[PDB]
Amino acid sequence: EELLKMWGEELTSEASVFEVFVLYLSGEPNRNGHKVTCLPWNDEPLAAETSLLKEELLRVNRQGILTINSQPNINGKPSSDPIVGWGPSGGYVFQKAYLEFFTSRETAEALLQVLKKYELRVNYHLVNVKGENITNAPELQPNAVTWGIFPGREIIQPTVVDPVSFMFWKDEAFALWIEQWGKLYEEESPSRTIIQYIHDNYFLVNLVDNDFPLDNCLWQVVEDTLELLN
Amino acid sequence: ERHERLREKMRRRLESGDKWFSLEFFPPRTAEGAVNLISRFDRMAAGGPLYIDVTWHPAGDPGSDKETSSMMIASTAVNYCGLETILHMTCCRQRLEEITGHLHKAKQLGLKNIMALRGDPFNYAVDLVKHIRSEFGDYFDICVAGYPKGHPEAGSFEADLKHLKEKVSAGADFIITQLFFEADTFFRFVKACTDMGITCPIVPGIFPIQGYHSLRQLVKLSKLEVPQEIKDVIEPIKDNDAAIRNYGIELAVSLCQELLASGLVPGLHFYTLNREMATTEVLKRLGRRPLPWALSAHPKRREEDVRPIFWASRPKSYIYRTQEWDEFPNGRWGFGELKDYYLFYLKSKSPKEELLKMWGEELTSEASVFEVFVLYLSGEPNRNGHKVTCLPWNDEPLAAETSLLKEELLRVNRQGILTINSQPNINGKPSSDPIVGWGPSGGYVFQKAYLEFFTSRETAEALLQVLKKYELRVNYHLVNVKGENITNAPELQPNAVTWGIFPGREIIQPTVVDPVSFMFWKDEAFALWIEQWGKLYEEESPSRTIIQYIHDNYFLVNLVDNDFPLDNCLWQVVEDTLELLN
Ligand SMILES: Cc1cc2nc3c(=O)[nH]c(=O)nc-3n(C[C@H](O)[C@H](O)[C@H](O)COP(=O)(O)OP(=O)(O)OC[C@H]3O[C@@H](n4cnc5c(N)ncnc54)[C@H](O)[C@@H]3O)c2cc1C
Ligand SMILES: Nc1ncnc2c1ncn2[C@@H]1O[C@H](CSCC[C@H](N)C(=O)O)[C@@H](O)[C@H]1O
Ligand SMILES: Nc1ncnc2c1ncn2[C@@H]1O[C@H](CSCC[C@H](N)C(=O)O)[C@@H](O)[C@H]1O
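Note that the protein sequences, when read in sequence, are chains B and A.
Taking the entry's author numbering, the leading residue of the first sequence gets 415, the next gets one more, and so forth.
Under the entry's author numbering, read the second sequence as residues 40 to 160, 172 to 337, 344 to 390, 397 to 644, first letter to last.
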């Protein structure tokens, strides 16, 4: 037993599942053993870039939208930057904001509803376990989300997100709700039951904000998702 | 379902319900006319035409290797111009071997659409189509001429319809009709075609009247009688060709609208007769963007979305020099090689010794050459009073994006920095910008500053001496006709001067600087001194020896500024070089 007590001994509701993400999104106290440094999806500590949006992620996951990775809108930082920088020196580095998460089944309706106004700017992709696949993405084509331009060189594009790779990743992206977390609990115990109601019948989601010279809209998508549900 | 060439391409438009247009031309009897018509093919291609049809006659030697011959005109339309063509063919006074040889030659030239014609004095187009199918299978498109008001040689119209049945069922793919004067005639013979089991799509042909010779030309071509209404309209204006052009445009617009609104017409064939204005106006009245180069090439070149910037003021030589390739670049340019040098036209749109009045008959010194570049860039008339339309490297008026590089560019060019290609830094403008908005309409477009020029031995030396003060920021490349090569670019890698960011797509980089393909542009760039401007002068003269000295000893230089969100340093590097001189 290493991560059980860090993820909580007994889950009273989905709120006890939300309470595991916020204690990963900040170093914070717990009923026993304090800080948790891991989730099934998130074996790295938060990258230094995450400090730009840590307060937003804490807000988002405390509202029940269960973020499992992100990026900010960077708009051409120097390559040498210790927070957001890579490749040859002196060049530039760019990003699109990114927000990948799970939600309660009722919340996916809410998200699709609010995307009816942002479906030009925000590339979105929702998927339930067994298959229920909704997107505004180009049918086939990958979306580039981190790229860089370097003195005397070709454009480098290290981070890309796309509907085929996402539909493949989904088959692991649900399995470890059981294989890592759910397998800790007793057979059909109230914790296992609320985890199974979170494994099955629950939407994995991806969002990308394409308009990177602007402030990141993904927080407003989630705020309006919440508002709508409310 | 899947789609391919042949009927499936036009079946795509049929299913999508998109109306299209096609143009049909004639081969000229002179080489100059051939060049003019090739330029015309380039100009019409932007009108979104389905295909180009080239007529065939035996008196003009169409199967021969003369440039005026129809076969080479069609080949130039496709291979060296990038436009799909449909080749007409007639087999009167021809044998099996001749037809087979001509069809094989069409094979070798990439020609894949063939029109079957019987001509006027192998007895029928049925034999031609059947022989084509038997000897070359289904590799080629086959289309047969249709006769709505019946063949003049035929006793009965129903017999003509039956012969059309047989010809279509033999090997034909599409049917093209001749001139008309009433729309209802289209409908009646279309219904006849349907009722006889002919299921191929029928496309109507249109002759746009443009002059008084059109009436005689129309009568001779179609053997039909002009209606008394049109003649009476034309008779009182028998010497106002321009007015008849407007009247014919109106009549053609009415006919085309009636044809299209029917829904049985998938497209239109227009008999241009090697005339542009009326056809273009008609097409516009009936109702460019994917890359900063306004068209990517058609034949075997759907893959091209990156090419080197060097040729971008002169694109048709790049297409011609690269026609050997299969690896037409898509992705990071990283592969296609111009391991090539060639025999040529090297002719402007102005005649061979006509533009001498704009470049000057008499070069006094290099300081006269320096004004020809500046007169071009300024749009200013020469000492003769003639505005310079082009220079040997750049047959165009230079682009709207280079209006940002007007006053500074011509200012530094006066000083012996003879610029032949250039570009602004852009810093992430929205897509659909008026001067740099290429690609998908949502997104952003980005560019580095670029400058390319010839310059003197002294000024090149100076610049080599200076660039050390910017060499972290400026990639530079310098070469001469002697092959002396000096450059500061990493491992000779390409340099991505333009790119765009678009929702849901990977990053797109449509133009690139490349120090290896600059070795292949170099030879073309220097040779365009002697082979267009030197040879425009007499064989031993001040003007020839001046141009041969410029060819012999100027450096060719290219610079790129990598700090694209900051102000351009190419302005304030050549000025940092002018200072040093003194
Ligand atoms: C779109 C178009 C393009 C043209 N292009 C050219 C060109 O490139 N070069 C050129 O020289 N001319 C061309 N012409 C002119 C054309 O070739 C003439 O109309 C010519 O006189 C006959 O050619 P055809 O294919 O229409 O002949 P066909 O369709 O074969 O018709 C000619 C006559 O053959 C008779 N016939 C056909 N099959 C039979 C049969 N099985 N049994 C008995 N009788 C039969 C018909 O009754 C008809 O009157 C073109 C015409 C059109 C409309
Ligand atoms: N549950 C969670 N909520 C928010 N962010 C998370 C998260 N789990 C991981 N992350 C962060 O999401 C980031 C995605 S990393 C992939 C993109 C990468 N930064 C690049 O541009 O190359 C990680 O760096 C990590 O710090
Ligand atoms: N004599 C001359 N001096 C300066 N620039 C010239 C020139 N002749 C042509 N040019 C310009 O050279 C540029 C090269 S193409 C520039 C790159 C490309 N348009 C892009 O897609 O980003 C053209 O804009 C052309 O107009």
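Every residue, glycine too, gets a C-beta built ideally from N, C-alpha and C.
For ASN547(B), the three-state secondary structure derived from DSSP is strand. Each residue's CA atom was taken as its position, placing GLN379(A) and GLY121(A) some 10 Å apart. Using a Cβ distance threshold of 8 Å, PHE190(A) and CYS130(A) do not count as a contacting pair. Considering only beta carbons, the part of the stretch 559-571 of chain A lying closer than 7 Å to chain B consists of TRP561, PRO565, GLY566, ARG567, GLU568, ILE569, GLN571, in chain order. Listed by position in the chain, the residues whose beta carbon lies within less than 5 Å of some heavy atom of ligand 3 are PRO348(A), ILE365(A), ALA368(A), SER369(A), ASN456(A), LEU460(A), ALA461(A), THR464(A), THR481(A), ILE482(A), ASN483(A), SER484(A), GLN485(A), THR560(A), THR573(A). Inter-residue distance for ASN118(A) and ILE77(A) is about 12 Å (C-alpha atoms, whole angstroms). Taking 8 Å as the upper bound on Cβ-Cβ separation, chain B lies near residues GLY490, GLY504, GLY505, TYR506 of the stretch 472-506 of chain A. Exposure of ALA350(A) is indicated by the presence of fewer than 16 other C-beta atoms within 10 angstroms of its C-beta. According to the DSSP assignment, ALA587(A) belongs to the alpha helix (DSSP H) that extends over 580-590.
DSSP, read as helix, strand or coil, puts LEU471(A) in helix. Less than 8 Å separates the beta-carbon of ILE153(A) from that of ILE192(A). Leaving aside the five residues that flank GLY505(B) on each side, the residues in its chain whose CB is nearer than 7 Å to its CB run, in chain order, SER493, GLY562, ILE563, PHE564, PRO565.
Within the chosen limit of 7 Å, ligand 2 does not reach the beta carbon of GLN610(A) with any heavy atom.
Distances from the CB of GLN571(B) to the heavy atoms of ligand 2 are all 7 Å or more.
For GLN555(B), the nearest CB of chain A lies under 8 Å from its own CB, placing it at the interface with that chain.
Residue range 604-615 is occupied by the alpha helix (DSSP H) that includes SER605(A). In the structure shown, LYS597(B) falls within a helical segment according to DSSP collapsed to helix, strand and coil. Under the three-state reduction of DSSP output, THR481(B) falls in the strand class.
Setting aside the 5 residues that flank it on each side, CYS250(A) is surrounded in the same chain by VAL218, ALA222, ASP223, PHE224, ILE225, each with a C-beta closer than 7 Å to its C-beta; the list follows chain order.
Within chain A, the residues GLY566 have their CB atoms less than 9 Å from the CB of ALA551(B), given in chain order. A distance criterion of 7 Å places the beta-carbon of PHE626(B) beyond contact range of ligand 2, judged by its closest non-hydrogen atom.
Counting other Cβ atoms within 10 Å of its Cβ, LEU534(B) stays below 16 and is therefore classed as exposed. In chain order, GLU568 make up the part of chain A whose C-beta sits under 8 Å from the C-beta of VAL574(B). By the C-beta criterion, the stretch 59-72 of chain A is judged to be in contact with the stretch 312-324 of chain A, since at least 3 inter-stretch pairs fall below 8 Å.
Going by DSSP, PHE236(A) is part of the alpha helix (DSSP H) stretching over 233-245. Taking 8 Å as the CB threshold, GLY390(A) lines the interface with chain B.
A check of alpha carbon separations from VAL536(B) across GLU433(B), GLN634(B), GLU416(B), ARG606(B) identifies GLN634(B) as the nearest.
Taking 7 Å as the cut-off, one finds at least one heavy atom of ligand 2 near enough to the beta carbon of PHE435(B). Cβ-Cβ separation between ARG445(B) and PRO502(B): approximately 49 Å, too far for a contact (criterion under 8 Å).
Considering only beta carbons, the part of the stretch 622-641 of chain A lying closer than 7 Å to chain B consists of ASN624, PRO627, in chain order. Closer than 8 Å to the CB of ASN537(B) there is at least one CB belonging to chain A.
Here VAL578(A) has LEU554 as same chain residues with Cβ atoms under 7 Å from its own Cβ, once five neighbours each way along the sequence are excluded. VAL450(A) has its alpha-carbon roughly 5 Å from the corresponding atom of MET420(A). Distance from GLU123(A) to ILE91(A) at the Cβ level is roughly 7 Å; contact confirmed, criterion being Cβ atoms closer than 8 Å.
With the rule of 3 Cβ pairs closer than 8 Å, the stretch 432-446 of chain A counts as touching the stretch 469-478 of chain A. The beta carbon of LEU471(B) lies closer than 6 Å to those of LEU439, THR481 in the same chain, with the five residues before and after it left out.
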